[PDB]
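Coordinate inspection notes
The chain contents come next:
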Amino acid sequence: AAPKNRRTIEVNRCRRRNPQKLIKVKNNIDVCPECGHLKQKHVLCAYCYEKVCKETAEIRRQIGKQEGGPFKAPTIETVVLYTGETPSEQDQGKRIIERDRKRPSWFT
Amino acid sequence: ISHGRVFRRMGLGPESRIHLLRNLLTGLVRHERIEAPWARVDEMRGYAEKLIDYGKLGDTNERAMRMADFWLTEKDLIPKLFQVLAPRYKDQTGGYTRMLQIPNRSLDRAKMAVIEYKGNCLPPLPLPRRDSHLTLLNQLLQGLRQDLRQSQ
Amino acid sequence: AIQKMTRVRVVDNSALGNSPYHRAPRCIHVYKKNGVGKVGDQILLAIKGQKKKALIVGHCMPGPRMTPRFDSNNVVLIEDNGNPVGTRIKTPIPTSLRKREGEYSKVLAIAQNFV
RNA sequence: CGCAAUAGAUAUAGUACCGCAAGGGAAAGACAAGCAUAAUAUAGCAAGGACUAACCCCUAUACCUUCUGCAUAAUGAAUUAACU
RNA sequence: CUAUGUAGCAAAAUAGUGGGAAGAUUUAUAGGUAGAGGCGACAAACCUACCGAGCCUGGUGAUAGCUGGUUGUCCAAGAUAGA
RNA sequence: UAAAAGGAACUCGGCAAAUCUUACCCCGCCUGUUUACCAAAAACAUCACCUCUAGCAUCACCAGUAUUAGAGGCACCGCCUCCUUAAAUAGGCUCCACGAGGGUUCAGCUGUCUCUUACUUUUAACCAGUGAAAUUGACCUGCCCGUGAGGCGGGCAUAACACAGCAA
RNA sequence: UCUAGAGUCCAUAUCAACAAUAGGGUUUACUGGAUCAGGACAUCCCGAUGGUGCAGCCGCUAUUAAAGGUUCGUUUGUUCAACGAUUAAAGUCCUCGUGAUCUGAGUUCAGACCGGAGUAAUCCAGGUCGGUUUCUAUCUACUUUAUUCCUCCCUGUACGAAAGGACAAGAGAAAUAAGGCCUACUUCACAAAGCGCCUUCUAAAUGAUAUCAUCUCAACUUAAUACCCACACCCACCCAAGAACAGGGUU
Ligand SMILES: [Mg+2]
Ligand SMILES: [Mg+2]
Ligand SMILES: [Mg+2]
Ligand SMILES: [Mg+2]
Ligand SMILES: [Mg+2]
Ligand SMILES: [Mg+2]
Ligand SMILES: [Mg+2]
Ligand SMILES: [Mg+2]
Ligand SMILES: [Mg+2]
Ligand SMILES: [Mg+2]
Ligand SMILES: [Mg+2]
Ligand SMILES: [Mg+2]
Ligand SMILES: [Mg+2]
Ligand SMILES: [Mg+2]
Ligand SMILES: [Mg+2]
Ligand SMILES: [Mg+2]
Ligand SMILES: [Zn+2]
């Protein structure tokens, strides 16, 4: 059907500003104790995750530049090595994806 | 009523559900780490685990080969499954994938999730460590370790 | 489930029935408060343009465990006063008629086979 | 003892736009209502008598027009501003 | 014929089920018939979404014993024979 | 989409769905046409038949001439001017063929039903973006009985506030 | 209400004529069905009691009783009626009760045919076939308050004039209603369901006004538990909990 009467600003305020409709204050924010950026407990530090995705993208660009075209999933493991890092004794027989910047401190 | 139904409903029906999960799983086997909506990744985690289980049986088995043929779409990955992934987990008997939640998607504010196969070459996800063992509460609990061990 | 408007094949040698007729016997009423009829529930049949009392002796509807589940809704014609009209029965009748009270003693003295 | 941007020409224009067509035909330029600051507390034409006191107490059947009077019997009005 | 839709995707559509489908069929293109007129395998059917009589301008501020309205303050007289 | 037993007991009617068979009756001969947007029909048209008018030039009928043209009625052709059901208010001029026409019946079929149930998709509910419309005197918008009804009277009830439903 | 008339005798076991006292309508001539139902009792059944001409179950009337129930079909739709099978019963009415819940017929929409009236157009409180009413819920209100039947003992005692044939008390079996479950069957398959399963609690005694008597608008004496139930958390995950919020678990 249709309304029988306009609804006043008072009723509309008792509806719109009722607590159930308010935005709740979040009790689960904190500071990355080492890195020092904001984060929720159960979620990754956004800044750290972005700085990881950047390096993943650069590595993957090198991988694409080396594999040539599509349909070339290798049949061996892969290892990524930064400048001035000779292939360790454990990484022989694994594809090497050379990169041209110093290894990040967070890359172990 | 939906008591005891473990399978999400997604896509345009059951078949599209299998096909969506198949594309997610193929992306995972190809890149070893993918960011996807949280619920879809949680649905695909079981399939990725059982795919590694089937891949351990090895090429020679035919049932496993048919299964990996269905569940991998670019077939270059089937070698990998049977020669890089399944060999990699010859020790672990379970839990080959780690799944995290990440900042919600910018456009549609969906609940996201990064899922990866343990042990890959990629830069490591920023996992959350526990509190250092030297914190006050941990030190008191360490004192209790000692004092209880001596008594017993 | 022998309810109203269900075809039942008379198996009693049917001095009356068993003769050709373009209709087939139908149940028009079940002598139970609810419509559904199970073994031993005596019903009413429209057979050969006539109304005759009946007695169900087997049905395709699964019953309890240890009782037979036939594949045809079998019925024996019985006269109003309980006497069976026929003199024989060939199709097997379940041994679950010696149970719960009813006019069943005569219908077992006239059959020949059980299960 | 003519108007001064809802007036004065329809006019910044017979343009925009509507129509197949004849044809129709605009708008405008220089702390009103609505909200926020500040959601609400038994009870009721939302007021009045009041009271130390906002509510609580007592009183109290909305307005216009049409029918003999009309509890709202029916018609009309969301509300502000301008024109009527 | 049914279901959806009823400010809808649409001012008559969608999905299925259906009738015709070498004919009195269907159809693109230009022309013709003009309003008491045209056309009509007559249904008052159709003539640019609304046809028992198109649409636009003019006479036109049509007329309306009918409906609705009719704007400052205050006071005072003020009602139900009939032809 | 699937369904136990039963298979029209649903219902105005086997509408819908599943399955594919049969028989008749009324109307209309047939194919066709019609109320763009509630009626596709038993109405219109139609071959066949009949009636009426008309002896004839260059713009229609017609570059036609009574076996022709126009206007009407009718509708080829031939023949004349008690059963059914358990139960029944239903069905039962000749004239092949045809009908999304109307009525009835056999057999089958099926969630129509006895009597509902599960799953899937859209809708849905929540989060994020964009964001209408009818409606609206004011509302601080209760129940029962009476008067003539949320609002009057007499009783009863009564802390405020979202959200999703329902339709008195 | 007078019984007055009857009834093999007799008003009261039944009709009970006229009338009177009561509650209720009569409009044409010169609105059903589905769904859910709320309510009254003027009770159809079940329950309790009186009399009987029922010598007895049942019948008949009368009082009381509204917690519960009150079937399925063929033909047809001024809505009823008839008919078949049942049932313990297939009650009488108010709120079409209920169309912003759904449907059909109508009666009154344009098409057409038949019959009547008319010179015609057209009419007809006639008969047939066909035929479109849309709604996003603002406000109120609301959304967790065990009966019946059959069978059998007890048996054919009492009652009874022969004949027929009781209570009180138990025991089985079925259905329905409410509530719940998924071991089996069934549709299906980490579960939801039913066609399946389980539970359901006005006759006396004493006795006065009126010393006998009298049941007493005389005094006086007799014929539901169950269920729920911890003040202070809530980021995350799971869930037999769930629309969101809530709720259970994380040893
Ligand atoms: Mg979806
Ligand atoms: Mg101007
Ligand atoms: Mg102007
Ligand atoms: Mg202001
Ligand atoms: Mg009112
Ligand atoms: Mg109004
Ligand atoms: Mg005027
Ligand atoms: Mg006048
Ligand atoms: Mg005066
Ligand atoms: Mg079935
Ligand atoms: Mg045709
Ligand atoms: Mg036809
Ligand atoms: Mg939103
Ligand atoms: Mg009232
Ligand atoms: Mg609400
Ligand atoms: Mg099921
Ligand atoms: Zn960090």
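Listed as the method for this PDB entry is cryo-EM; the listed resolution is 2.89 Å.

Concerning helix α3 (residues 62-71) of chain B
All names here are of chain B. Taken residue by residue, α3 has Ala64, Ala68 and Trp71 as its buried positions. End-on view of α3: buried residues confined to an arc of 70°, all on one side of the axis. Residues of α3 that are exposed and point more than 90 degrees away from the buried face comprise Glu62 and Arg66. Between a side-chain oxygen at the N-terminus of α3 and the backbone nitrogen of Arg63 the separation is 3.0 Å; the capping residue is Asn61.

A closer look at the protein's contact with RNA strand F
In the vicinity of RNA strand F, 36 residues are found, and the nearest of them are A:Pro3, A:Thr8, A:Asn18, C:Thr6 and C:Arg23. The contact in question runs from a sugar or linking oxygen of RNA strand F to an N or O atom on the side chain of C:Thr6, over 2.4 Å. Measuring from a phosphate oxygen of RNA strand F, one finds a side-chain N or O atom of C:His22 at 3.5 Å. Broken down by secondary-structure element, the contributors of at least two residues to the surface near RNA strand F are α1 (9-16) of chain A together with β2 (26-30) of chain C. Considering each element in turn, the surface near RNA strand F owes the most residues, four residues, to α1(A). In the surface near RNA strand F, the residues fall into 13 nonpolar, ten polar and 13 charged.

Overview of the interface of chain B and chain A
Contact with chain B, which involves 23 residues of that partner, is made by 23 residues of chain A. At the surface where chain B touches chain A, the tally comes to one salt bridge. A:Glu77 is the salt-bridge partner of B:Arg88, the closest N and O atoms lying 2.8 Å from each other. Our count for the contact surface shared by chain B and chain A stands at five residue pairs in polar contact. Looking at which element gives the most residues to the side of chain B that touches chain A, the answer is helix α4 (residues 77-88) of chain B, with six residues. A per-class count over the side of chain B that touches chain A returns 13 nonpolar, three polar and seven charged.

Focus: the packing of aromatic side chains
Applying the stated criterion across every chain, the model contains six aromatic pairs over all chains. Against the face of A:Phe107 rests A:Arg103, its NZ or CZ located 4.7 Å from the ring centre.

Description of the sheet that holds strand β3 (residues 43-47) of chain C
Residues and elements named next belong to chain C. One open sheet holds the five strands; their spatial order is β1-β5-β4-β3-β2, and the pairing between them is mixed. Of all strands in the sheet, those bounded by a partner on one side alone are β1 (9-10) and β2. Relative to strand β5 (residues 74-77), β1 is paired through two bridges, and the arrangement is parallel. Its bridge partner being in β5, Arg9 is matched across the sheet by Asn74.

What counts and what doesn't
- All residue numbers start from 1 on each chain and follow the order of its written sequence rather than the entry's numbering, and residues without coordinates are excluded.
- Chains and ligands are labelled by the order in which they are written, letters from A for the one and numbers from 1 for the other.
- Scope of values: the displayed chains only, which are part of a larger assembly.
- Side-chain calculation: all heavy atoms of the structure are included, whereas hydrogens and water are not.
- Per-residue accessibility, obtained with a 1.4 Å probe over protein chains only, is compared with the maximum for each type, and a residue is labelled buried under 20%, exposed over 50%, and partly exposed between these values.
- Helix and strand definitions follow DSSP, with helices as H or I runs of at least four residues and strands as E runs of at least two, each counted in order from the N terminus.
- Picture the helix axis, draw a direction to every C-beta atom, and the arc is the one those directions span.
- Polar contact is the term for a pair of N or O atoms within 3.5 Å; when the atoms are in protein, one must be able to donate a hydrogen and the other to accept it, and sequence-neighboring residues count only if both atoms are side-chain atoms.
- Near is defined per residue: the residue qualifies when any heavy atom it owns lies within 4 Å of the molecule or strand.
- We call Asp, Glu, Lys and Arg charged. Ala, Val, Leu, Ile, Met, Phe, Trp, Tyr, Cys and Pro are nonpolar, and the rest, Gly among them, are polar.
- Any pair of residues with heavy atoms lying within 4.5 Å of one another is described as a contacting pair.
- Here a salt bridge means any side-chain nitrogen of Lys or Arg lying within 4 Å of a carboxyl oxygen belonging to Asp or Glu.
- Any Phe, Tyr or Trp ring, taking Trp's six-membered ring, that has another such ring centre within 6.5 Å forms a pair; planes under 30 degrees apart are called stacked, those over 60 apart edge-to-face, and the others tilted.
- Look at NZ for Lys and CZ for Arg. If either is within 6 Å of the ring centre and within 35 degrees of the ring normal, a charge sits over the ring.
- Any two strands with at least two DSSP-identified bridges between them are counted as paired.

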